[PDB]
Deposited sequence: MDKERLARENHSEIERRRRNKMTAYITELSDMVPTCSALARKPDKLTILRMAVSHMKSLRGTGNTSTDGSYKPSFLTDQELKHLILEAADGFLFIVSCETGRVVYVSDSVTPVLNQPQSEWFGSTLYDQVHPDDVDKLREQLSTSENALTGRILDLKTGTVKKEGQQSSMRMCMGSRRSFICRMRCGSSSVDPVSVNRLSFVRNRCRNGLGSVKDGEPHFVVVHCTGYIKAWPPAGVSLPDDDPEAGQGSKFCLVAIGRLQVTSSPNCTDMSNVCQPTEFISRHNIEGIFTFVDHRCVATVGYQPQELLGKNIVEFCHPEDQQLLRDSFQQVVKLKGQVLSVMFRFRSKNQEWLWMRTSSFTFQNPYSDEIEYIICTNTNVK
């Protein structure tokens, strides 16, 4: 409808919006500077005033750290990939783990975690991104910590390493720099003949509230009511004597809400088609 006029009008309104944006930004500046109705040049000169006073990165290092910590907590730690030796730990370790900056220094990440986890720690430290879940200590008491970090070449650029520094003789080649933060259905599962979860169906979440990683490695009897524990144990012991035969047992499984749920478990054995030996026990666990 007369392209030349459409182009003209839309261009006119475009820089009309531009002028309005400029005026609005100047008004914000007027709202945000000290001394302040003044005109545009006054506000701009006082903005130069304030910005010269306040002053590369948009934030300082402490402002960036403040933003991150306000966002999602966490404490930073930097350990050597060789021995797990704690090179650095932030003060955030006190509000996160209730531990002084001092218990981690001169120490080792393996000494700060649960023993049953140290192996996994080696897994995460041997030889970019890393993400794991462990138990760190705060009788001793431990707590689940989600750790997210990366492998960095050591020493870091910019930081001066003096001669008489304790870090001067270590000479580690790689480091882990990470943040640690505190954080009517049925499902199938596979166990060894002792009762340890070796395979967990995802539906367990909708069934008992646990995630599969919370069940794998644990014996099922650990989740059973103390009065039903021997019954479930003998169910497991009998299903091994009767190859292929199905055994059902009802017991109380403690959901992660620490609530007792009545569950029916049907168990049988998987036989190796050549040797007829047992590979594992298949259980189907249903709510009641």
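Trainee: Give the ranges of the deposited sequence, numbered from 1, for which the structure holds no C-alpha coordinates, in sequence order.
Mentor: The deposited sequence has unmodelled segments at 37 to 41, 61 to 72, 145 to 175, 187 to 216, 262 to 276, 382.
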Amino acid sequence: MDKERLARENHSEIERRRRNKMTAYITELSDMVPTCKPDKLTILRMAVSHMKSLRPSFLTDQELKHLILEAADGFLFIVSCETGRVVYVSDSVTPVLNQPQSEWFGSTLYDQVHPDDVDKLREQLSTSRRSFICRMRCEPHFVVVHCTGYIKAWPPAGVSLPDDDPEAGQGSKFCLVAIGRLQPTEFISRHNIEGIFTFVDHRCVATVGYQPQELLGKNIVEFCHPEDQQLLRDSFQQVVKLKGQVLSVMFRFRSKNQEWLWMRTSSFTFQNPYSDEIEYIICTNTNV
From here on, numbers count along this sequence of modelled residues.
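Trainee: Between 6 to 14 and 20 to 28, which has the higher average C-alpha B-factor in the PDB entry?
Mentor: Taking the mean C-alpha B-factor of 6 to 14 and of 20 to 28, the larger value falls to 6 to 14.
Trainee: Of 71 to 79 and 141 to 149, which one has the bigger average CA B-factor?
Mentor: Result: 141 to 149.
Trainee: For the CA B factor values reported in this entry, which option in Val48, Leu64, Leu232, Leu41 has the top one?
Mentor: When the deposited C-alpha B-factors of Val48, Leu64, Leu232, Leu41 are compared, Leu232 is largest.
Trainee: Is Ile282 in the lowest, middle or highest third of its chain when residues are ranked by C-alpha B-factor?
Mentor: It falls in the bottom third of the chain.
Trainee: Quick check on the deposited entry: does the C-alpha B-factor of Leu59 sit in the lowest, middle or highest third of its chain?
Mentor: Lowest third of the chain for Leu59's C-alpha B-factor.
Trainee: Splitting the chain's C-alpha B-factors into thirds, which one does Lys173 fall into?
Mentor: Middle third - that is where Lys173 ends up once the chain's C-alpha B-factors are sorted.
Trainee: Could you tell me which third, lowest, middle or highest, the C-alpha B-factor of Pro184 occupies within its chain?
Mentor: For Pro184, whose C-alpha B-factor we compare with every modelled residue in the chain, the answer is the highest third.
Trainee: Among the modelled residues of this chain, does the Cα B factor of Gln213 put it in the lowest, middle or highest third?
Mentor: It falls in the middle third of the chain.
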